[PDB]
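entry-v4.pdb (PDB, C-alpha atoms)
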```
ATOM      1  CA  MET A  15      86.467  88.766  96.689
ATOM      2  CA  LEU A  16      88.755  88.029  99.669
ATOM      3  CA  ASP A  17      92.187  89.666 100.018
ATOM      4  CA  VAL A  18      94.807  86.912 100.269
ATOM      5  CA  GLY A  19      97.850  89.203  99.786
ATOM      6  CA  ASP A  20     100.453  88.214  97.194
ATOM      7  CA  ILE A  21      99.183  85.917  94.392
ATOM      8  CA  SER A  22     102.547  84.130  94.455
ATOM      9  CA  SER A  23     104.586  84.024  97.651
ATOM     10  CA  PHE A  24     108.265  83.115  97.849
ATOM     11  CA  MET A  25     109.950  81.101 100.566
ATOM     12  CA  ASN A  26     113.579  81.907  99.864
ATOM     13  CA  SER A  27     116.442  79.531 100.449
ATOM     14  CA  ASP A  28     117.430  80.773 103.941
ATOM     15  CA  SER A  29     113.885  80.334 105.177
ATOM     16  CA  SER A  30     111.510  77.404 105.874
ATOM     17  CA  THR A  31     108.542  79.426 107.154
ATOM     18  CA  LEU A  32     106.326  82.190 105.837
ATOM     19  CA  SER A  33     103.286  84.273 106.899
ATOM     20  CA  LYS A  34     100.454  85.667 104.814
ATOM     21  CA  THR A  35      97.984  88.192 106.200
ATOM     22  CA  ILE A  36      94.404  87.839 104.937
ATOM     23  CA  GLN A  37      91.973  90.746 105.277
ATOM     24  CA  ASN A  38      88.194  90.495 105.219
ATOM     25  CA  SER A  39      87.094  93.958 104.099
ATOM     26  CA  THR A  40      83.304  93.429 104.120
ATOM     27  CA  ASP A  41      80.335  93.743 106.504
ATOM     28  CA  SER A  42      80.052  89.926 106.771
ATOM     29  CA  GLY A  43      82.307  87.549 108.653
ATOM     30  CA  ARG A  44      83.591  84.593 106.598
ATOM     31  CA  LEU A  45      84.164  80.798 106.940
ATOM     32  CA  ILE A  46      87.619  80.088 105.482
ATOM     33  CA  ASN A  47      89.158  76.690 104.763
ATOM     34  CA  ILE A  48      92.687  76.444 103.338
ATOM     35  CA  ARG A  49      94.331  73.487 101.543
ATOM     36  CA  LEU A  50      97.674  72.688  99.873
ATOM     37  CA  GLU A  51      98.668  70.820  96.680
ATOM     38  CA  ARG A  52     102.096  70.450  95.216
ATOM     39  CA  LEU A  53     102.440  71.261  91.562
ATOM     40  CA  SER A  54     104.767  70.063  88.781
ATOM     41  CA  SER A  55     105.201  73.753  87.988
ATOM     42  CA  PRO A  56     103.506  77.099  88.658
ATOM     43  CA  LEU A  57     102.514  77.523  84.968
ATOM     44  CA  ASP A  58      99.185  76.851  83.263
ATOM     45  CA  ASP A  59     100.346  73.532  81.792
ATOM     46  CA  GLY A  60     101.449  72.300  85.235
ATOM     47  CA  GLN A  61      99.730  69.609  87.230
ATOM     48  CA  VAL A  62      99.176  68.545  90.841
ATOM     49  CA  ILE A  63     101.747  65.966  91.971
ATOM     50  CA  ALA A  64     102.265  64.198  95.306
ATOM     51  CA  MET A  65     104.146  65.571  98.275
ATOM     52  CA  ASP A  66     106.949  63.141  99.235
ATOM     53  CA  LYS A  67     105.551  63.185 102.775
ATOM     54  CA  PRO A  68     102.370  64.770 104.206
ATOM     55  CA  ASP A  69     104.410  67.118 106.439
ATOM     56  CA  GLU A  70     106.320  68.535 103.438
ATOM     57  CA  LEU A  71     104.181  71.656 103.524
ATOM     58  CA  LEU A  72     101.805  72.472 106.363
ATOM     59  CA  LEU A  73      99.822  75.595 107.296
ATOM     60  CA  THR A  74      97.919  77.015 110.264
ATOM     61  CA  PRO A  75      95.197  77.726 110.695
ATOM     62  CA  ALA A  76      93.571  75.523 108.056
ATOM     63  CA  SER A  77      90.081  76.616 109.224
ATOM     64  CA  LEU A  78      88.990  79.898 110.694
ATOM     65  CA  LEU A  79      86.038  82.193 111.146
ATOM     66  CA  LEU A  80      87.202  85.588 109.925
ATOM     67  CA  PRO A  81      84.871  88.341 111.226
ATOM     68  CA  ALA A  82      83.915  91.516 109.348
ATOM     69  CA  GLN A  83      86.585  94.196 108.669
ATOM     70  CA  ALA A  84      89.302  92.055 110.288
ATOM     71  CA  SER A  85      92.556  90.306 109.441
ATOM     72  CA  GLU A  86      94.397  87.108 110.361
ATOM     73  CA  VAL A  87      97.869  85.665 109.830
ATOM     74  CA  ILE A  88      98.228  82.253 108.159
ATOM     75  CA  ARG A  89     101.597  80.548 108.628
ATOM     76  CA  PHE A  90     103.304  78.083 106.257
ATOM     77  CA  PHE A  91     106.020  75.570 107.067
ATOM     78  CA  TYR A  92     108.294  73.573 104.770
ATOM     79  CA  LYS A  93     109.824  70.268 105.921
ATOM     80  CA  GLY A  94     110.754  68.605 102.623
ATOM     81  CA  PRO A  95     114.280  67.968 101.334
ATOM     82  CA  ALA A  96     117.007  70.578 101.555
ATOM     83  CA  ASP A  97     118.371  70.141  98.022
ATOM     84  CA  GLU A  98     118.933  71.848  94.616
ATOM     85  CA  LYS A  99     115.290  71.504  93.470
ATOM     86  CA  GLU A 100     112.713  74.266  93.570
ATOM     87  CA  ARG A 101     109.222  73.285  94.671
ATOM     88  CA  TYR A 102     105.817  74.719  93.794
ATOM     89  CA  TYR A 103     102.569  74.537  95.744
ATOM     90  CA  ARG A 104      99.035  75.765  95.303
ATOM     91  CA  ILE A 105      97.266  77.280  98.275
ATOM     92  CA  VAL A 106      93.536  76.689  97.826
ATOM     93  CA  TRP A 107      91.342  79.117  99.741
ATOM     94  CA  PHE A 108      87.628  78.315 100.284
ATOM     95  CA  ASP A 109      85.582  81.426 101.211
ATOM     96  CA  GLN A 110      81.968  81.516 102.525
ATOM     97  CA  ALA A 111      80.397  84.945 103.240
ATOM     98  CA  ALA A 130      84.394  81.414  96.370
ATOM     99  CA  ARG A 131      87.385  79.049  95.756
ATOM    100  CA  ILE A 132      90.597  81.020  95.042
ATOM    101  CA  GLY A 133      93.996  79.474  94.132
ATOM    102  CA  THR A 134      97.338  81.151  94.895
ATOM    103  CA  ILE A 135     101.001  80.049  94.509
ATOM    104  CA  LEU A 136     103.760  79.220  96.959
ATOM    105  CA  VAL A 137     107.342  78.756  95.728
ATOM    106  CA  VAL A 138     109.921  76.977  97.890
ATOM    107  CA  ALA A 139     113.301  78.094  96.525
ATOM    108  CA  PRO A 140     116.012  75.429  96.572
ATOM    109  CA  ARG A 141     117.744  75.257  99.950
ATOM    110  CA  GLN A 142     120.927  74.803  97.929
ATOM    111  CA  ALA A 143     120.347  77.897  95.784
ATOM    112  CA  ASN A 144     122.456  78.747  92.766
ATOM    113  CA  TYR A 145     121.252  82.104  91.504
ATOM    114  CA  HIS A 146     122.562  83.066  88.054
ATOM    115  CA  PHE A 147     121.337  85.018  85.031
ATOM    116  CA  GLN A 148     122.217  86.428  81.649
ATOM    117  CA  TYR A 149     121.077  89.692  80.106
ATOM    118  CA  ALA A 150     121.972  89.607  76.382
ATOM    119  CA  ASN A 151     120.468  91.280  73.299
ATOM    120  CA  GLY A 152     117.538  92.565  75.377
ATOM    121  CA  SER A 153     116.736  89.086  76.653
ATOM    122  CA  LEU A 154     116.904  87.949  80.277
ATOM    123  CA  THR A 155     117.794  84.281  80.770
ATOM    124  CA  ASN A 156     117.736  82.435  84.094
ATOM    125  CA  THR A 157     120.861  80.309  84.190
ATOM    126  CA  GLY A 158     120.573  79.108  87.798
ATOM    127  CA  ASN A 159     118.288  76.773  89.733
ATOM    128  CA  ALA A 160     115.869  79.188  91.411
ATOM    129  CA  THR A 161     113.111  81.378  89.928
ATOM    130  CA  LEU A 162     113.951  85.069  89.556
ATOM    131  CA  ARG A 163     111.505  87.957  89.822
ATOM    132  CA  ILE A 164     112.323  90.228  86.901
ATOM    133  CA  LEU A 165     111.132  93.748  86.170
ATOM    134  CA  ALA A 166     111.587  96.666  83.795
ATOM    135  CA  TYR A 167     110.450 100.257  84.072
ATOM    136  CA  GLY A 168     110.823 103.413  81.944
ATOM    137  CA  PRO A 169     109.334 104.730  78.693
ATOM    138  CA  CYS A 170     106.676 102.835  76.792
ATOM    139  CA  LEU A 171     107.391 101.202  73.454
ATOM    140  CA  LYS A 172     103.957 101.978  71.983
ATOM    141  CA  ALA A 173     103.132 105.536  73.122
ATOM    142  CA  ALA A 174      99.520 104.262  72.969
ATOM    143  CA  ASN A 175     100.356 102.674  76.374
ATOM    144  CA  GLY A 176     101.084 106.070  77.957
ATOM    145  CA  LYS A 177     103.762 108.111  79.705
ATOM    146  CA  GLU A 178     105.329 105.432  81.940
ATOM    147  CA  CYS A 179     105.709 101.684  81.558
ATOM    148  CA  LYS A 180     106.645  98.773  83.833
ATOM    149  CA  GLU A 181     106.630  94.973  83.470
ATOM    150  CA  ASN A 182     106.877  92.240  86.113
ATOM    151  CA  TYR A 183     107.438  88.528  85.585
ATOM    152  CA  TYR A 184     108.658  85.340  87.160
ATOM    153  CA  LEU A 185     111.445  83.733  85.201
ATOM    154  CA  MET A 186     111.863  80.028  85.855
ATOM    155  CA  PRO A 187     115.216  78.208  85.667
ATOM    156  CA  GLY A 188     116.349  77.888  82.025
ATOM    157  CA  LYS A 189     113.692  80.247  80.594
ATOM    158  CA  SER A 190     114.201  83.527  78.769
ATOM    159  CA  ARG A 191     112.154  86.711  78.586
ATOM    160  CA  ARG A 192     112.153  89.829  76.443
ATOM    161  CA  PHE A 193     110.285  92.876  77.717
ATOM    162  CA  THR A 194     107.444  93.966  75.395
ATOM    163  CA  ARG A 195     105.983  97.177  76.974
ATOM    164  CA  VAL A 196     108.962  99.014  78.384
ATOM    165  CA  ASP A 197     111.449 100.357  75.883
ATOM    166  CA  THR A 198     114.613  98.686  77.175
ATOM    167  CA  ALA A 199     116.572  99.829  74.102
ATOM    168  CA  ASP A 200     116.110 103.464  75.229
ATOM    169  CA  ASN A 201     118.769 104.485  77.760
ATOM    170  CA  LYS A 202     115.969 105.548  80.183
ATOM    171  CA  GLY A 203     114.585 101.979  80.198
ATOM    172  CA  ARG A 204     115.712  99.921  83.174
ATOM    173  CA  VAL A 205     115.919  96.232  84.018
ATOM    174  CA  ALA A 206     116.398  94.681  87.429
ATOM    175  CA  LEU A 207     115.628  91.484  89.273
ATOM    176  CA  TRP A 208     115.402  89.759  92.652
ATOM    177  CA  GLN A 209     117.542  86.815  93.619
ATOM    178  CA  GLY A 210     115.557  85.651  96.627
ATOM    179  CA  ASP A 211     115.866  88.623  98.961
ATOM    180  CA  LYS A 212     118.585  90.516  97.098
ATOM    181  CA  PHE A 213     117.620  93.218  94.625
ATOM    182  CA  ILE A 214     119.954  93.364  91.648
ATOM    183  CA  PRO A 215     120.085  96.327  89.254
ATOM    184  CA  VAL A 216     120.498  94.604  85.855
ATOM    185  CA  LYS A 217     120.562  97.664  83.584
TER     186      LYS A 217
END
```

Mind converting the file's structure to structure tokens?
Amino acid sequence: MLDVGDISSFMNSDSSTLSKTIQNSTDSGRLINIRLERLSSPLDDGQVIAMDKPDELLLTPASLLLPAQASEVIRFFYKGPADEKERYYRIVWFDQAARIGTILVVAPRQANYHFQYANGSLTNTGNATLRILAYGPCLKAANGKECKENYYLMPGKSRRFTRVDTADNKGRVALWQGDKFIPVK
């Protein structure tokens, strides 16, 4: 396949622009087209919805010839409202030596980051998605000597960790509020 970088990218509230590097690691050059769709949500039961205006989210370049064993920067620009709402977009990449879909999250310009860790459950009690993670011993020793989990936690949703043993005092929880890393436990 083609290397697009992160499968979900985050434009945090102090930022309206973002770059992704794409690498073509094969002998062939490639004809890439790139397209954007807003989404009701980033989840599987989400659906494409309309941008309020066609300059809400723009990228360059939308077409390029990427030669063999070479990389290029694609830039993304947000010009929609600066409000308390988080927005979700799909980046659709067409590849010719494959149609791959990745996620862009525009965190609310008016961010209110909050969370609760109670009874082993993380709950997002703010208005912007959190990137949550645990690391430490495994719950089922069938899974091995070290365990980690990584998830996106949308506003209002909860998550228990199911691989890492967070009840053991060597099990750790932390999360990202935009660009700030917060040691939860």

With distances taken over only C-alpha atoms, which residue among A:180, A:69, A:187, A:135 lies nearest residue 98 of chain A?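 Comparing A:180, A:69, A:187, A:135 against residue 98 of chain A, the winner is A:187.
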
Given the choices A:77, A:144, A:159, A:83, which gets closest to residue 46 of chain A if the distance is worked out from all atoms listed in the file? A:77

Can you translate the PyMOL selection byres ((chain A and resi 161-172) around 7) into the concrete residues it hits in this file, as a list in words?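 For this structure, the PyMOL selection byres ((chain A and resi 161-172) around 7) resolves to residues 159, 160, 173, 174, 175, 176, 177, 178, 179, 180, 181, 182, 183, 184, 185, 186, 187, 195, 196, 197, 202, 203, 204, 205, 206, 207, 208 and 209 of chain A.
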
Once you have the residues from the selection above, write them out as a compact mmCIF listing (two decimals), in the frame of the given file, restricted to C-alpha atoms.
```
# COMPACT_ATOMS: atom_id res chain seq x y z
CA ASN A 159 118.29 76.77 89.73
CA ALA A 160 115.87 79.19 91.41
CA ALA A 173 103.13 105.54 73.12
CA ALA A 174 99.52 104.26 72.97
CA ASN A 175 100.36 102.67 76.37
CA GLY A 176 101.08 106.07 77.96
CA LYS A 177 103.76 108.11 79.70
CA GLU A 178 105.33 105.43 81.94
CA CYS A 179 105.71 101.68 81.56
CA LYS A 180 106.64 98.77 83.83
CA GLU A 181 106.63 94.97 83.47
CA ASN A 182 106.88 92.24 86.11
CA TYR A 183 107.44 88.53 85.58
CA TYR A 184 108.66 85.34 87.16
CA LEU A 185 111.44 83.73 85.20
CA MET A 186 111.86 80.03 85.86
CA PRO A 187 115.22 78.21 85.67
CA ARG A 195 105.98 97.18 76.97
CA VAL A 196 108.96 99.01 78.38
CA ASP A 197 111.45 100.36 75.88
CA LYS A 202 115.97 105.55 80.18
CA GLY A 203 114.58 101.98 80.20
CA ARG A 204 115.71 99.92 83.17
CA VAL A 205 115.92 96.23 84.02
CA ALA A 206 116.40 94.68 87.43
CA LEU A 207 115.63 91.48 89.27
CA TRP A 208 115.40 89.76 92.65
CA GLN A 209 117.54 86.82 93.62
```

From the options A:96, A:154, A:16, A:105, which residue's atoms come nearest to residue 48 of chain A, counting all atoms listed in the file?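 Between A:96, A:154, A:16, A:105, the residue approaching residue 48 of chain A most closely is A:105.
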
Apply the PyMOL selection byres ((chain A and resi 106-133) around 10) to the structure shown and report the selected residues as a list in words. residues 15, 16, 18, 21, 22, 38, 40, 41, 42, 43, 44, 45, 46, 47, 48, 49, 50, 51, 76, 77, 79, 80, 81, 82, 103, 104, 105, 134 and 135 of chain A

Applying the PyMOL selection byres ((chain A and resi 26) around 9) to the file I just gave you, which residues come out? Please list them as a ChimeraX atom specification. /A:24-25,27-30,137-141,143,209-211

At what distance in Å, to one decimal, does atom CA of residue 100 of chain A lie from atom CA of residue 70 of chain A? 13.1 Å

Among A:54, A:146, A:136, A:152, residue 71 of chain A is approached most closely, using only C-alpha atoms, by A:136

Could you jot down the atom CA of residue 189 of chain A to atom CA of residue 58 of chain A separation for me, Å, one decimal place?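 It comes out at 15.1 Å.
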
Considering all atoms listed in the file, state which residue in the set A:34, A:67, A:52, A:191 is at the smallest distance from residue 85 of chain A. A:34

With distances taken over all atoms listed in the file, which residue among A:68, A:75, A:215, A:60 lies nearest residue 149 of chain A?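 Closest to residue 149 of chain A of all the choices is A:215.
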
Please write out, as lines of an AutoDock Vina configuration file, where the centre of an axis-aligned box around all listed atoms of segment 149-167 of chain A lies and how long its edges are, in Å to one decimal, after adding 4 Å on each side.
```
center_x = 116.2
center_y = 88.5
center_z = 82.4
size_x = 19.5
size_y = 31.5
size_z = 26.1
```

Gap from atom CA of residue 217 of chain A to atom CA of residue 20 of chain A - Å, one decimal: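 Between atom CA of residue 217 of chain A and atom CA of residue 20 of chain A the gap works out to 26.1 Å.
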
Test item: residues at most 8 Å from residue 32 of chain A, only C-alpha atoms, excluding those fewer than 5 positions along its chain, as an NGL selection string: :A and (25 or 89-91)

Output the selection as a short mmCIF file (atom, residue, chain, number, x, y, z; two decimals), in the frame of the given file - C-alpha atoms for each residue.
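Wrote it out as selection-v9.cif, contents follow:
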```
data_model
loop_
_atom_site.label_atom_id
_atom_site.label_comp_id
_atom_site.auth_asym_id
_atom_site.auth_seq_id
_atom_site.Cartn_x
_atom_site.Cartn_y
_atom_site.Cartn_z
CA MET A 25 109.95 81.10 100.57
CA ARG A 89 101.60 80.55 108.63
CA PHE A 90 103.30 78.08 106.26
CA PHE A 91 106.02 75.57 107.07
#
```

Complete segment 141-159 of chain A with N, CA and C atoms (output as a PDB file, in the coordinates of the input).
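Output file result.pdb follows:
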```pdb
ATOM      1  N   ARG A 141     116.942  74.963  98.779  1.00  0.00           N
ATOM      2  CA  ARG A 141     117.744  75.257  99.950  1.00  0.00           C
ATOM      3  C   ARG A 141     119.187  75.454  99.513  1.00  0.00           C
ATOM      4  N   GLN A 142     119.638  74.618  98.583  1.00  0.00           N
ATOM      5  CA  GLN A 142     120.927  74.803  97.929  1.00  0.00           C
ATOM      6  C   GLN A 142     120.789  75.677  96.681  1.00  0.00           C
ATOM      7  N   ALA A 143     120.580  76.970  96.883  1.00  0.00           N
ATOM      8  CA  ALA A 143     120.347  77.897  95.784  1.00  0.00           C
ATOM      9  C   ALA A 143     121.590  78.225  94.960  1.00  0.00           C
ATOM     10  N   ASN A 144     121.414  78.293  93.648  1.00  0.00           N
ATOM     11  CA  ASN A 144     122.456  78.747  92.766  1.00  0.00           C
ATOM     12  C   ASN A 144     121.816  79.771  91.844  1.00  0.00           C
ATOM     13  N   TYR A 145     121.874  81.034  92.253  1.00  0.00           N
ATOM     14  CA  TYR A 145     121.252  82.104  91.504  1.00  0.00           C
ATOM     15  C   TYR A 145     122.238  82.568  90.441  1.00  0.00           C
ATOM     16  N   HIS A 146     121.788  82.566  89.185  1.00  0.00           N
ATOM     17  CA  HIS A 146     122.562  83.066  88.054  1.00  0.00           C
ATOM     18  C   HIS A 146     121.621  83.576  86.965  1.00  0.00           C
ATOM     19  N   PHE A 147     122.132  84.478  86.128  1.00  0.00           N
ATOM     20  CA  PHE A 147     121.337  85.018  85.031  1.00  0.00           C
ATOM     21  C   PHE A 147     122.200  85.598  83.921  1.00  0.00           C
ATOM     22  N   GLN A 148     121.581  85.768  82.771  1.00  0.00           N
ATOM     23  CA  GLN A 148     122.217  86.428  81.649  1.00  0.00           C
ATOM     24  C   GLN A 148     121.261  87.457  81.069  1.00  0.00           C
ATOM     25  N   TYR A 149     121.760  88.679  80.896  1.00  0.00           N
ATOM     26  CA  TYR A 149     121.077  89.692  80.106  1.00  0.00           C
ATOM     27  C   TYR A 149     121.878  89.886  78.807  1.00  0.00           C
ATOM     28  N   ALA A 150     121.326  89.431  77.679  1.00  0.00           N
ATOM     29  CA  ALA A 150     121.972  89.607  76.382  1.00  0.00           C
ATOM     30  C   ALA A 150     120.965  89.904  75.274  1.00  0.00           C
ATOM     31  N   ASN A 151     121.301  90.878  74.432  1.00  0.00           N
ATOM     32  CA  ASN A 151     120.468  91.280  73.299  1.00  0.00           C
ATOM     33  C   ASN A 151     119.042  91.569  73.710  1.00  0.00           C
ATOM     34  N   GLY A 152     118.868  92.190  74.879  1.00  0.00           N
ATOM     35  CA  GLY A 152     117.538  92.565  75.377  1.00  0.00           C
ATOM     36  C   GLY A 152     116.767  91.426  76.003  1.00  0.00           C
ATOM     37  N   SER A 153     117.393  90.260  76.102  1.00  0.00           N
ATOM     38  CA  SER A 153     116.736  89.086  76.653  1.00  0.00           C
ATOM     39  C   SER A 153     117.340  88.701  78.010  1.00  0.00           C
ATOM     40  N   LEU A 154     116.472  88.484  78.992  1.00  0.00           N
ATOM     41  CA  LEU A 154     116.904  87.949  80.277  1.00  0.00           C
ATOM     42  C   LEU A 154     116.773  86.437  80.279  1.00  0.00           C
ATOM     43  N   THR A 155     117.848  85.729  80.600  1.00  0.00           N
ATOM     44  CA  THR A 155     117.794  84.281  80.770  1.00  0.00           C
ATOM     45  C   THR A 155     118.221  83.833  82.168  1.00  0.00           C
ATOM     46  N   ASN A 156     117.444  82.933  82.758  1.00  0.00           N
ATOM     47  CA  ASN A 156     117.736  82.435  84.094  1.00  0.00           C
ATOM     48  C   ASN A 156     118.632  81.220  83.946  1.00  0.00           C
ATOM     49  N   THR A 157     119.874  81.353  84.374  1.00  0.00           N
ATOM     50  CA  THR A 157     120.861  80.309  84.190  1.00  0.00           C
ATOM     51  C   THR A 157     121.251  79.669  85.522  1.00  0.00           C
ATOM     52  N   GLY A 158     120.354  79.726  86.500  1.00  0.00           N
ATOM     53  CA  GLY A 158     120.573  79.108  87.798  1.00  0.00           C
ATOM     54  C   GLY A 158     119.480  78.100  88.067  1.00  0.00           C
ATOM     55  N   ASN A 159     119.239  77.813  89.350  1.00  0.00           N
ATOM     56  CA  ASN A 159     118.288  76.773  89.733  1.00  0.00           C
ATOM     57  C   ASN A 159     117.070  77.260  90.519  1.00  0.00           C
TER      58      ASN A 159
END
```
